[PDB]
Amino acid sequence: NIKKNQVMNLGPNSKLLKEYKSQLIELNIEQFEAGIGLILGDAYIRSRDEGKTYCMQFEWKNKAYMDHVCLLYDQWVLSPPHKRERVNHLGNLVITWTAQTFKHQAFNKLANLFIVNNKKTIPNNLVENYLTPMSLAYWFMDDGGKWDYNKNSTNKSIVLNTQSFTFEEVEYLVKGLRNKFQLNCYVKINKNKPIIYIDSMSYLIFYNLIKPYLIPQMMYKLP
């Protein structure tokens, strides 16, 4: 075999790199299930060879969450998280962490569920067939948040920020969330765009499913 450490400094077209990539066949169960939530959430899955191979790009503010995701698909990620620091139009410095997998056919397994002809879509019964408690956990760590950010609140309502998807796509996601996980949720409007509102009634049932995957530095997102 070939160790990861031997190709953590070699160039992109390295012979030893390609032989290491041939040793890896598919994503493991944890990498696929989490991938679902990540692609629904904050991750970006892309092909440059028109569908032959795919890779995932990551960018987050939270260094620790970036570290956790990098460790997940450890064998798919060559480098440690890289730091950016950019100046925006106001003239403010913005600190963010970035990382990416190498391209590999194993990622086609994930991308074939979302990317159809360049543009990302959501299949009719995605949640019912593919979304697991682990998928919901990473999706929450990406898009999750509170409904009530007022200090001192009895409202334990969860929100999933899905402003990028169409109202139809989100409506279908709500159908899955209600049926598979018995969640009292529905679509709400924010900036003329859809979000998933989870009622405080289903908070216990939602928390129990995502407990065995949550990281401490992401516990602030919970009410």
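Start at 1 with the first residue shown and count on from there.
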| property | result |
| --- | --- |
| Residue stretch of maximal mean CA temperature factor, 41-49 vs 177-185 | 177-185 |
| Greater mean Cα temperature factor according to the PDB record, 98-106 or 122-130 | 122-130 |
| Ranked against its chain, the third holding the CA B-factor of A111 | lowest |
| Ranked C-alpha temperature factor of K156 among modelled chain residues, by third | highest |
| Assigned third (lowest, middle, highest) for the C-alpha B factor of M141 | lowest |
| Chain-relative CA temperature factor third for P81 | lowest |
